[PDB]
Ligand SMILES: Nc1ncnc2c1ncn2[C@@H]1O[C@H](COP(=O)(O)OP(=O)(O)O)[C@@H](O)[C@H]1O
Ligand SMILES: Nc1ncnc2c1ncn2[C@@H]1O[C@H](COP(=O)(O)OP(=O)(O)O)[C@@H](O)[C@H]1O
Ligand SMILES: [Zn+2]
């Protein structure tokens, strides 16, 4: 049944936080993070939409999706990332 | 049960039908229960079954029931387990001429009438092939006037059929076979009943011929054609383009 | 009776009409000019016209079908003579054909009911066994009486020969040279593997066909069919099979090199409106990747590519590769994978692969032998499937050496050869190539040498006419630009609706351009001007003397990059349907190649 | 192109990926694979369709399946002091999906 | 034969295709003489069956005779009797024109005496024959199939395809030999030839001179009660990785009176056969035509010699110089001829060749094989501009 949608209401925050952490990555890290992740976060957003069974995207669950991909990239790296622990928490 | 009712209602070709299906059921039952009665092809296994079930209920009829080697065997085995017109002075039966009449798929009532004719007046004869020939021909010409009225290709096919069913190349004798019986059978109330039924009167209707013959010009000799004829002939040239 | 039904049927022939135009009448009139002796039919069209044939053709079809055949032949016989009387002896029965769409029932839900009725269904194909023949009319002579006779058979491609016409039994020889025959085949089927139980292997079924319902199909083609659940021969049992009476194929599933080449006429006029616009190139660049951002220069090569180039032959045989070869090179993101996913869609008859060959996929011709007779047959090839097409690859890095070699030969001559034990092959590839890269740990290669990705430092700057560092160094706003370029895709369809309104304006959708491509790919007759000759000989000697110094400084150049722009310029002019060339696009030529030399420096 | 024990019925089974083109395909011990059984799953998560070029039969399908897997790290423990592809010997191009 | 159907059965066909497998020769009975040693008399009987002629003649189930009408003995003359040969073969498409991805569509063919010894596997075919089909399957007897589709033939033609051990074997005329005797007596012709060989591409004149003298080849002298002495010649080349070599391969391919091609790596069949024949005509083991051996008088094209392991370098030593193979597999210990000639091609390890450095440390081969081939020519691409100013011209001059 449910193919719930997403409304372009405040989505340019996507563009914002993406450009933010895509620079913060070079700030202390070796590898990048890339649009692959972004597309995936959108797929997770609609995933949780299907989960809740709501009619379309909710804003305060994109927090969940993006937190997931964030702490995904956290553990995937060196001890050098231990500064990313403090940097990229504001998006929590 | 389908096949049972089939073979049981194959006898015609109140309590009878019921008691006989019950009979065949429990008969077949008894015959197959024990290990005593085997190598009996089901090809044939509902026939002296039916004959003894006729023997049981109340009234039985030897004729028209058995109608062969193992017929006797299985009976005992179960019963213990429990040209044509030059030929002078020929002979015939009920079913011989039922065949020669049923070759046209005519009904059985007409056949029974010819049979009655025979068995009363088969006494003073020279050859019954003539009489029964003429008889069944004047059954055909009277009942088959419709298809012939629209298809004159019939009268050759039919006479050819009975010309070789009785093995002749000459046929005018057959013409006599028709007109002589017509001279003979001309005026009986049953013949009358058939003529009012299927309405030949020489092959022509009553309401026409009486004006044909009383003295009239309104008599409709249909040289002209009917309206529906043209109404349907027009379609043949409608699509004349193709 | 039966002739009542025959007339109820034959009125449907010439007395049926819809959309105020005769349908089957003139269909036959055409088919007979085709000398086809068959037709096409829908059975949906018979339900409203008449219900005196449907409910009985359903349950007693074989009782009714040859009647229709004879009715058809009857209509033929009049119209044959009438059309001979119009303008300008042997007229057999016409195979009937039909179809339907009422429903589809699967093999699983069958039973031993509704047997000998007609059923509808789905499935997948395997068999292409052999053209097995049957008879239709065969003459007979007795060996003793010398008593000629004749026999003809009708549908069942019931009785046998005559047992007696003393000659004894079997007195008859079958004459062939005045006998007649027809063909059939034995065709298999099996269900959708996606709609099956978890556990067991699948169940298949055979079928049979006849003259012009033959050879329609080749395996893999998903098809729907309608037929009669017939029978032939544990304790006492007969084999279930089916008789065909209707086949319908997808028009063209997996891309057939024997494709369409004679296009319609209505399309020519808009094609040539698009020939004569000056905006041709810019539209194609605006539309090849509408949901994609930047790298205009990269999208500006594909159109040079898909149109091929100078098929030029000379009286020795040393052809020049009519097409061009390319290599993306760069990092995650940057659309290096998405275009490649796309290009097959826009493509007419080309192919996509991963590396090493894919699952059950020879990256070149992986020859083997026959399940039957143990004989040799050239089987497959991702490089010959796509003969006269492009090929798309990702993960070029992890080749096998044997896998790399023949493909490494194609991109300069496009002809594989295999000469294993008994078979001797020269199989023509004739294909174009799209590559895709895996930079080791990504970006620091510009700080380093050209290479230092993988251990083919040779072929990179050698066998390629389009090589690009494809990246921007995380400009803080390009991110936002591409992000807002792309976020609208997922809902609101504003990126799609913009393409809608721009195709309403000056853009083109997928298939119009597909056909444009196909047409020009096979039509044009390009060439270049002597006047355009020197323009780049000068460029060549200058780039040579230039990087002589800067490469003599202890930091490639080929005759091939010289010979490459020869053909790219012709492609971009080809777009305008250009039997000649001028500097108009030669300027764009080095405008776009310069990216390569800039990369050549670094 | 598999045989069958019954009457040599040639059939076309597909990997369990094929079965759940709508659904999902689980795997354990992903590492323990040769060349082609890896290229297959690569193809799956790449263009969501298979191809075959064998046996007088050519075809693609719908492999739009959800992938799950597992594997075993080199040395039991994860080797916390290195990145992923440096610790476990997997290759990236299917790792990116 | 992908297309030959029931339609036009009895109508004369010409099919183009390939050979796959054949059938062993079999002299066969036309007439069985039987002798009367009581008088000095003979009695001659002869047979026939379906496949000698197409007209459906009245059959004769004839049987081997032991006695005479008198009842005397009888004796045979296996040697005054007359017998005859026969062959059947299977034919499918030319693999070039295939619907690649699909099976072939093979059928069966039959022959007579005159026309059997001309065929083999790996041969291109054209015929003139009849798509008869004979039998009575299911018609008279009882119970489903029909007839046995096949062909009989009146003419057959093989000819050349690229990559097969066979020539088109072109013809000449009085005028052609006139022109050649004119060509001969002109005192520059090797040089003008050597530039006329691949006029597509410039330079490498020294090298195309050598291709010429290789396809000319030596004389291959043999010995009075001795082994054979070599005529063929072989070439090798290495150089910078984008010069005329790999294009020169394809050039030389069609050029010759005979030619076969290789890609480089390939195991168990480059010049081998594996000695496994699937026979149901008998249980026996014979060979099939081997690949390198498929050359006998021509030249072979080889490249990427560098990637070949020793396992075939070893196998080639008797083949370059001694030109013959003899092996010892479980079944067989027999001998075969490979009187071939070869061209190679290389890529060094470090991209290009530098003459300050040696010409030997970067080839990475045994000095054996350096000696094995007759000649090695090297090629370079170190940059100038006048070195390519005119090359640019000629290329554009001949596009
Ligand atoms: N240049 C680009 N502009 C917009 N979207 C992109 C771009 N590159 C990649 N994407 C998106 O990011 C996702 C990752 O795909 P892609 O980057 O092509 O694969 P890979 O990262 O393996 O090269 C895709 O869904 C694609 O739509
Ligand atoms: N010496 C030369 N002079 C002019 N053109 C050449 C020369 N060598 C090669 N070419 C041209 O450049 C193309 C490059 O192919 P080539 O270098 O032969 O492939 P490979 O390096 O794999 O042998 C050829 O098709 C040919 O037309
Ligand atoms: Zn006879």
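Protein chains in written order, with the entry's author numbering: chain A, 773 to 864; chain B, 7 to 19, 26 to 79, 88 to 102, 271 to 430; chain C, 23 to 110, 130 to 198, 204 to 211, 235 to 302, 320 to 641, 647 to 693; chain D, 580 to 676; chain E, 168 to 310, 314 to 569. Built from N, CA and C at the ideal position, the CB exists for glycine as well.
Within 8 Å, strictly: CB atoms of residue i and residue j
i: residue 1(B); j: residue 324(B); result: Only positions 7 to 430 of chain B appear in this structure, which leaves residue 1(B) out of reach.
i: residue 331(B); j: residue 302(B); result: no
i: residue 499(E); j: residue 445(E); result: yes
i: residue 619(C); j: residue 566(E); result: yes
i: residue 90(C); j: residue 173(C); result: no
i: residue 419(C); j: residue 808(A); result: yes
i: residue 805(A); j: residue 797(A); result: yes
i: residue 290(C); j: residue 336(C); result: yes
i: residue 580(D); j: residue 644(D); result: no
i: residue 522(C); j: residue 482(C); result: yes
i: residue 312(E); j: residue 273(E); result: It's not possible to place residue 312(E) here, given that chain E moves directly from 310 to 314.
i: residue 533(E); j: residue 408(E); result: yes
i: residue 248(C); j: residue 176(C); result: yes
i: residue 844(A); j: residue 793(A); result: no
Local conformation of residue i per DSSP, three classes
i: residue 774(A); result: coil
i: residue 370(B); result: helix
i: residue 503(C); result: coil
i: residue 48(B); result: coil
i: residue 651(C); result: helix
i: residue 195(E); result: strand
i: residue 630(D); result: strand
i: residue 584(C); result: helix
i: residue 344(B); result: helix
i: residue 183(E); result: strand
i: residue 400(C); result: coil
i: residue 366(C); result: helix
i: residue 233(E); result: coil
i: residue 259(E); result: strand
i: residue 203(E); result: strand
Burial state of residue i, where buried means 16 or more other Cβ atoms lie within 10 Å
i: residue 360(B); result: exposed
i: residue 199(E); result: buried
i: residue 655(C); result: buried
i: residue 51(B); result: exposed
i: residue 407(C); result: buried
i: residue 658(C); result: buried
i: residue 586(C); result: exposed
i: residue 857(A); result: exposed
i: residue 318(B); result: buried
Endpoints, the beta strand (DSSP E) within which residue i is located
i: residue 252(C); result: 249-253
Residue span of the alpha helix (DSSP H) that contains residue i, given as start and end
i: residue 384(B); result: 377-386
i: residue 483(E); result: 480-490
i: residue 425(E); result: 415-425
Any C-beta of chain F under 8 Å from that of residue i
i: residue 841(A); result: The question asks about chain F, but that chain is absent: this structure's protein chains are A, B, C, D and E.
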